[PDB]
Amino acid sequence: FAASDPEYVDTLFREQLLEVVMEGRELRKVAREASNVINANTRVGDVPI
Amino acid sequence: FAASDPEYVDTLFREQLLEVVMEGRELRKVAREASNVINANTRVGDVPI
Amino acid sequence: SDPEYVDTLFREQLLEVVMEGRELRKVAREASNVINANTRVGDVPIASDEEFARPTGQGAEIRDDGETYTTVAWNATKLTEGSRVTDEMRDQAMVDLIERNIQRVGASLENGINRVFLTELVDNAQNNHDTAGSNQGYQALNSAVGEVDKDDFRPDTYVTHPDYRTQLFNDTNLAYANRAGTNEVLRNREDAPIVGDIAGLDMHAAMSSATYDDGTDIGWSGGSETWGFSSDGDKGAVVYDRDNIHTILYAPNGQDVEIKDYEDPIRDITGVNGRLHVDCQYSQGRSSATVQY
Amino acid sequence: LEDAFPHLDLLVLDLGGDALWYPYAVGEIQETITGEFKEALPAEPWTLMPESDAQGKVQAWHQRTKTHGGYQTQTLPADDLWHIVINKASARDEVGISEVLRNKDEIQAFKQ
Amino acid sequence: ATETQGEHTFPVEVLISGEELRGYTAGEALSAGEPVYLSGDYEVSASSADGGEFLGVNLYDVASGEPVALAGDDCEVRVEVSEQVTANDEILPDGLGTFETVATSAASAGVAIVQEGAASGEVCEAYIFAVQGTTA
Amino acid sequence: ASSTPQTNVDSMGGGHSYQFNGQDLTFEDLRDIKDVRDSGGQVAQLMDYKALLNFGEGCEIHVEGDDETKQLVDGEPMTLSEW
Ligand SMILES: [K+]
Ligand SMILES: [Mg+2]
Ligand SMILES: [Mg+2]
Ligand SMILES: [Mg+2]
Ligand SMILES: [Mg+2]
Ligand SMILES: [Mg+2]
Ligand SMILES: [Mg+2]
Ligand SMILES: [Mg+2]
C-alpha cells in the first residue's frame, strides 16, 4: 500500500521524543526555614540549657 | 542498571537515522546514445528501405 | 619524583632506548566510508533496486510500484584497551611509561577498528571469484571486478593479504615494464602508483595477516572465512565499492578514540585506558567480491 | 567620567583587592529610577561562578548565597554583568586563577 | 523487572552497590536481572537450575553475540525470585531467569544472600557472594 | 540595565540567633569588644596607636568652587566651607 507512517516509522523518520522530562512527585521541603539551623563543628555534642 | 544506553534507547533519546538514503542497484543506461532516436508523430508507423 | 641514579654528561650514560615490536597496517578510515555517529546504535536507510516500466494497454489504469525502503542497523561495540603501573615504575623507568602505554592503547584501538572492518568486509561480500590456483594475478582482480559488474555495481577499491600482494607482484603483467607500461612495481613494489590504479580500481588498501578475526584472540569470536592466500579455499583479496561499506565510529566525548590517563585514588597506581565504539556494515554487499585461492 | 565615578579610588582598591584574592572581581551596572547611570556595583565574588561556552567565553553567571539556614540559587545572563581577571592560565582565559587556591599548600604549611 | 508509581511502570536498577562489573559476550539473548554462567571462552548464557552455573547477573538487555555487562561478587542487586524469600535466605539461579532458595533447589550452597524479603514474582534485594562453576 | 541590584547577597539569615558569622554577631560579642577595649594593657594601647595613626592628626574641609557658594547666612556672608 502506497507509503504511510506505520510502514516507515523507523526507516524514513523517527518518532518525536518530547524535549522536556515530566518531573513526577515532589515532596514539600520546609525544615530549613521552619526550624533553627545549627552548623555543628562536631558530629556528636551537648548544647547547654 | 545505573543508567545505560540500552535501557533508555527509546526513552531519553532516539536512535539516529542517516538523512542520506543509500541507492539500490542501478542498471546501465545507453540506448539513446547507442542508437538513432526517432521522435515519431504516430504510435504506429513505417520506415521505407 | 626521586630518581635512584643520576645521568652524567658526554653520553657516558646508560643506553636509553626501546626497540619497537611488530606494527600492524591501519587502513579502515581511508578504505571505507566513515560515519561519525551521534548515537551508539542507529540506522542507514536503503532504497529498493531499480525496476522496468510495465507494458500497458491504452486507457488502462497505471499500477503502483513505488519506491520501498529498509535499513541496515549499526550497533557499535565498545573496543577497550587498558594498562596499570605502580608509581615506583613511572619514577624509575628507562623511558616515559605513560607515553609508551598511550601509544600502545591508541594502536590497539586502531587495530580493533581494522579487525571489525576487515571481518565484515570479507565475511559479508556477496560475490566470489574462485581462482582454483591458476591465473591468480591481474586476471583475478579483473575477474573479481567482473563479478561485481555482473551485479550492476562498480567497485573502486581492493583490500589485500600479504600472500596475495606477493603473487600479484610476481605477475608478468606488473613485473615486466613492457607489460605494465612502467617499471614502478619492479622498483617500488606496493608503493608503485599503478598498484593503486589497476583494473579500474583507484585505491589499494594493504592489510596485515593478523587483522582478520580468526577467533583465536581473547574476547573475539571469529569470522566465517579464512583470510590468507596460501592454501585451497583461503580468501586473500576483496574488490569492492568504498562508498558501500560503512565504518561507524561512536565516542561519547569528541569524534574519535578517547585516551584517559588516571591515578588510582587509594593505591599509588597510575593507568591509561582507551575507548572507542565501532561497527562495520555493508550498505550493498553485492558491490563486493572476494578472491579465493 | 570623573563625575560618573566620584569615588573611583575606593572602587579600584576593592575590585583590585578582590581580583587578587579571587579568580575575578565581578559586578553589575546600576541606574537611578530615572534611568541615568548611578554606579558600577560590585557583587560578592565568592557567591558567583561563570558558565563558559566551548571556546571559554563567559555566557552566564551562576550565583549561590546563604539565606536563613540554607541557600538561594539563581542564574544571570552575562549581558548585564562585568568581570575583571588579573591572574590567568593564558591570554585566552576568561575564568582566571585565585592566588589563594594556587598557593593553598604554602598557606597550609605556614598555618601548620 | 518492574516498579509501579501511579499509572507508570519503570524499569528497576539491577545494581544497588559494588564496583565488580565485568564484560563478556552474550551466547544468547539475555534480559536485565537474569543470572548467567560461562557457556564458552568469555561467553555467558542463562544459568540452568541446581547450581554449578553462575558467574553473575546480566545488567541490561542484550541480543545474542552482543557484549554484556555483568555484576559478580561483592555487588548488592535487585533480582526477581520465583518463591517467597526472607532475609538471610541463600538463593541461586532457578533455571527460569529468576532466583530461588537453596532450600527449594537440589543444591546445598547459594550464590547470593537475601537482604530484603519478597513474595513469589517480586523483586528482592540480595548480595552476591559466590560464583559456581563445573566441579564435576 | 536595572534600577535595583539583581545579584543576591549572603547578608540575610535568622537574625542574632545561634549561628556564627562576622555580620551575625550578638550583643555579647559587642560587649566582648568593649571588654578588650576597656581592660587596658598592651593590646588596648596598640589599637589606640592604630586609631591615632588613622585619625589623630586632625582634618580639613574643602569645597570645589567654594568661593562661588558665597551667600548671606545671617546678615553676613559665608561660603559652604565657612558654614
Ligand atoms: K527444582
Ligand atoms: Mg504499417
Ligand atoms: Mg535501529
Ligand atoms: Mg481501478
Ligand atoms: Mg516492483
Ligand atoms: Mg552477484
Ligand atoms: Mg624505492
Ligand atoms: Mg562495596
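Please determine whether any residue of region E:56-72 is under 17 Å from residue E:111 (Cα atoms) and surrounded by fewer than 15 Cβ atoms within 10 Å (Cβ to Cβ). The answer is no, given that none of the residues of region E:56-72 is under 17 Å from residue E:111 (Cα atoms) and surrounded by fewer than 15 Cβ atoms within 10 Å (Cβ to Cβ).
Given the residues C:80, C:70, which is the only one that is crowded, with 16+ Cβ neighbours inside 10 Å and either within 35 Å of the chain's Cα centre (by Cα) or within 16 Å of ligand 5 (Cβ to nearest atom) (or both)? Write out each step before concluding.
On the way: C:70 fails: crowded, with 16+ Cβ neighbours inside 10 Å.
Answer to the selection: C:80.
Between E:66, E:7, E:28, the distinction of being more than 23 Å from residue E:118 (Cα to Cα) and away from chain B (no Cβ under 14 Å) belongs to E:28 only. Only one of (1) surrounded by fewer than 22 Cβ atoms within 10 Å (Cβ to Cβ); (2) in contact with a strand residue (DSSP E or B) (Cβ under 9 Å, 6 or more places away or on another chain); (3) within 30 Å of residue C:50 (Cβ to Cβ) is not met by residue C:131, so which one is it? Going through (1) surrounded by fewer than 22 Cβ atoms within 10 Å (Cβ to Cβ); (2) in contact with a strand residue (DSSP E or B) (Cβ under 9 Å, 6 or more places away or on another chain); (3) within 30 Å of residue C:50 (Cβ to Cβ) one by one, residue C:131 breaks only (3). Among the residues examined, residue A:3 does not qualify as more than 20 Å from the chain's Cα centre (by Cα), hydrophobic (A, V, I, L, M, F, W, C) and either more than 7 Å from every other protein chain (Cβ to nearest Cβ) or not in a loop (DSSP other than H, G, I, E, B) (or both).
Among the residues of region C:55-78, which ones are under 19 Å from residue C:211 (Cα atoms) and more than 8 Å from every other protein chain (Cβ to nearest Cβ)?
C:76, the sole residue that qualifies.
Yes/no matrix, rows are residues, columns are (1) within 12 Å of another protein chain (Cβ to nearest Cβ); (2) under 28 Å from residue B:20 (Cα atoms):
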{"position": "C:189", "(1), (2)": "no, no"}
{"position": "C:216", "(1), (2)": "yes, no"}
{"position": "C:221", "(1), (2)": "yes, no"}
{"position": "C:227", "(1), (2)": "no, no"}
{"position": "C:230", "(1), (2)": "no, no"}
{"position": "C:244", "(1), (2)": "yes, yes"}
{"position": "C:256", "(1), (2)": "no, yes"}
{"position": "C:260", "(1), (2)": "no, no"}
{"position": "C:280", "(1), (2)": "no, yes"}
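When region E:1-19 is limited to residues that are among the β-branched types (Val, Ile, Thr) and not in a strand (DSSP E or B), the one that is surrounded by the most Cβ atoms within 10 Å (Cβ to Cβ) turns out to be E:14. Are any residues in region E:20-72 among the small types (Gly, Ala, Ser), outside any loop (DSSP other than H, G, I, E, B) and either in contact with a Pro (Cβ under 8 Å, 6 or more places away or on another chain) or closer than 20 Å to residue E:82 by Cβ (or both), and if so, which ones? E:23, E:26, E:45, E:46, E:56, E:71, listed by residue number.
Candidates C:81, C:50, C:88: the one that is more than 16 Å from ligand 1 (Cβ to nearest atom) and within 30 Å of residue A:4 (Cα to Cα) is C:50.
Of everything listed in (1) within 16 Å of ligand 1 (Cβ to nearest atom); (2) closer than 15 Å to residue E:26 by Cα; (3) of a type in the set (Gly, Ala, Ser), the single unmet condition for residue E:49 is (2). Only one of (1) touching a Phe, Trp or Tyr at 6+ places or on another chain (Cβ under 6 Å); (2) within 14 Å of chain A (Cβ to nearest Cβ) is not met by residue D:48, so which one is it? Every condition holds for residue D:48 apart from (2). Within region F:1-34, the only residue that satisfies the criterion of being out of contact with any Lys or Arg (no Cβ under 7 Å at 6 or more places or on another chain), among the charged types (D, E, K, R) and within 14 Å of chain D (Cβ to nearest Cβ) is F:24. Scanning region E:69-127 for residues that are within 14 Å of chain B (Cβ to nearest Cβ) and either within 15 Å of ligand 1 (Cβ to nearest atom) or under 15 Å from residue E:55 (Cβ atoms) (or both) gives E:69, E:70, E:71, E:72, E:75, E:77, E:79.
Set side by side, the residues D:55, D:59, D:63 differ, and just one is within 12 Å of another protein chain (Cβ to nearest Cβ) and not β-branched (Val, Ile, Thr), which is D:63.
Could you check how many residues of region C:196-213 are without any contact (Cβ under 8 Å) to a residue 12 or more places away in the chain and either surrounded by 14 or more Cβ atoms within 10 Å (Cβ to Cβ) or within 16 Å of ligand 3 (Cβ to nearest atom) (or both)? Counting residues in region C:196-213 that are without any contact (Cβ under 8 Å) to a residue 12 or more places away in the chain and either surrounded by 14 or more Cβ atoms within 10 Å (Cβ to Cβ) or within 16 Å of ligand 3 (Cβ to nearest atom) (or both) gives 1.
Here the condition is being out of contact with any helix residue (DSSP H, G or I) (no Cβ under 7 Å at 6 or more places or on another chain), surrounded by 11 or more Cβ atoms within 10 Å (Cβ to Cβ) and in a loop (DSSP other than H, G, I, E, B); of C:13, C:58, it holds for C:13 alone.
If you take the residues of region B:30-49 that are within 15 Å of ligand 2 (Cβ to nearest atom) and among the polar types (S, T, N, Q), which of them is nearest to residue C:58 (Cα to Cα)?
B:42
So the check is Cβ under 9 Å with 6+ separation or different chains; which pairs have a first residue in region C:25-54 that's away from chain B (no Cβ under 14 Å) and a second one that's of a type in the set (A, V, I, L, M) and within 16 Å of ligand 5 (Cβ to nearest atom)? So the pair list comes out as C:54/C:62.
None of the figures in this text is laboratory data; all of them are computed from the coordinates on show. Heads up, the Cβs are rebuilt from the backbone with ideal geometry, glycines too, and the neighbour counts pull from every protein chain shown.
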